[PDB]
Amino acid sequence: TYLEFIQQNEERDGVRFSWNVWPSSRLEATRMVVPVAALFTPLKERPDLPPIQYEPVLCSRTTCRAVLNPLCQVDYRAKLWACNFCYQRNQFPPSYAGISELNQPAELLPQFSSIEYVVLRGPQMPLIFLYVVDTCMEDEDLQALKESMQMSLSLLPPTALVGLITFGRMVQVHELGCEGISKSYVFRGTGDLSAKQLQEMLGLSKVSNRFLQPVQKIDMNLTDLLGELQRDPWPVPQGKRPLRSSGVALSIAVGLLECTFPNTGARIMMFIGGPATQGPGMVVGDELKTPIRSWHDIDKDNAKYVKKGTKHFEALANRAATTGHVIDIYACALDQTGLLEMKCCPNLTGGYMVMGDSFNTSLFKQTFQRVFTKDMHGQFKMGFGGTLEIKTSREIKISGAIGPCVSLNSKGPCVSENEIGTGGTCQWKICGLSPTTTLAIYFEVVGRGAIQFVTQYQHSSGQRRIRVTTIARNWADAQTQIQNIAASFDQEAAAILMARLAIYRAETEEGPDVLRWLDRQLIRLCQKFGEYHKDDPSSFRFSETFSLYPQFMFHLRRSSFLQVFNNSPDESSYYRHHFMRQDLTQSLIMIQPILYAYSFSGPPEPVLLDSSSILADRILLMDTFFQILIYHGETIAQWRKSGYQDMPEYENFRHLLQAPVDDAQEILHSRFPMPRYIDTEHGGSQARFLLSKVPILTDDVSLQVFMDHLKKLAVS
């Protein structure tokens, strides 16, 4: 079964390709409309694997340097191995002497295509956590935030260095450990500062500080300072917004680490309760009169800050990524915080982007501690300053990558001229990564082809490591195997890989021509792989291998991911942020929400994302990725308002109501960005949330019409 193949290769190598059999020629591949691409998760959970404690063993050819893998031919009685990528003959290291056909090194076993090594680097660095805290918020909020911060500080490793910076009208860099007096360096929240200037001003040397100290040494002090922390003193005049120097506070935080611990794992965690109102990085004026930019405003070019503010954070993001530091943004406010302008920070470094109403919500508190989830051994499921390199067979080339990363601009034979997304390299830097982090790597064609992924990173344990995954798919003659190729199609993967290219463009100088291109490709794919007689819509039928692709597109093109005008620019940035990170599974739910129906007549069963699914005697659980909604049908809504639930007679009815609630509870823990919850019913104020989720190829129409206009264009 091709399905088992897809499932087993993702579980083993955390890899999912659009096609699992590749066209042996650039031409037929070009008109295969969906590029040979792959959704790739470098640190996929793999508990069944030992960390193997020794260096990786690489090909001796400088331009190659591939890692010894199962695809390599080995001549034990000559202690040599041929590199499957460049054919170079290589010698083994002395410690391998015993190597034999029946007792071979783990890296050579098929079961170990995809394995982890444990580098003997030397500098065992402690994790660094720098809290950058906004103080312009109500006492409820700030108190909650202070509690959430204390909580995390308790989960940090004793060796981890912690740093605290607070801001409002001015920016404060706290000197910790300093007992008996407690001091801090203050700067104008109105002017920028370089890493040097800061190093000079803070009176620091070059390359534990008074600012970044051990958790096991500061605990008392920091936990005291946190608790004694009060909101920004400077009073706020009526009709005005507080003076929040978010842009400068972050700049000072980046600089602080840039001149003390460059090139080592670290999280710069900034919490904000409102928009930056005193740049650089300034997002909106201080007079409440003016509302924070909208998508319309920004389009009518009536947003005077967006370009300047964004340019600022972008600069910061590239510095931090270049320095190997991660930037997380936790923004909780009743209105926009400026995420749009700041997105590149957590987007470019693998940082987190968290939205919310107030830190004083279970939504936030929960989300924040999930950030510090530990593995079976009590270590954060966090990786730092990873370097990703991808080797490909000579018949293949790398177009580029789309996802949390930054190009290292490492040229080579594997790079392609025609680049996609973050291209022109065979190496990317991912400062922050988790077992979930997934990237889209696009390839280009120019017996099996092979690709290897090498991810070096700093494990939360301080242990330096290299994760290696080598895969090989079969080459195919498209003029004699179109079938063998079309059967290898992965519609779910293709769907997401394509959505990732569409969304990437939607940011670029490209406007609504996205839907256009997106639709043009759907049609082309239908034309090349659909069954049909020319000019006969009704005859069009897709193999079960493709049947769902058209529907995926239907839901993509109409998603908040490409139709921003119904959300604020912040939310839009938020959704995209998470989508471009996700693995296949979660990605699908994002693009096409799941809908389950509950009723007395049978167990819960997924149902069409259609109105037809909304029935009076049925309860619905709609799982978009960002929210979990439960909808009571008209009949059920009444029995509930009547109270039958309490009566001992209706034991079952009480269960029916609870069935969906129970499952919502599981998701409301298992899912990282904790989703918003919604309990509604027929005619409820919030039914809207469900109803809404339920030339150009078409417009705001139904899946049926969409399929019709599609079927007819595919056949002419």
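Start at 1 and count along the sequence shown; that's the residue number.
A chain break between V694 and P695 is present, corresponding to 10 or more residues of the deposited sequence without coordinates. The stretch of deposited sequence separating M220 from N221 contains no residues lacking coordinates in this entry. The question of which stretch, 450 to 458 or 286 to 294, has the higher mean Cα B factor is settled in favour of 286 to 294.
Averaged over CA atoms, B-factors in the entry run higher in 220 to 228 than in the other of 408 to 416 and 220 to 228.
The PDB entry assigns the greatest CA B-factor among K300, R473, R465, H577 to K300. The maximum CA B-factor among the listed residues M269, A97, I496, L620, taken from the PDB record, is found at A97. The entry lists a Cα temperature factor for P42 that places it in the lowest third of the chain's modelled residues. For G168, the recorded CA temperature factor ranks within the middle third of the chain's modelled residues.
The PDB entry assigns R500 a C-alpha temperature factor belonging to the lowest third of its chain's modelled residues. Sort the modelled residues of the chain by CA B factor and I6 lands in the lowest third.
Placement of the Cα temperature factor of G423 within the chain: middle third of the modelled residues, per the deposited record.
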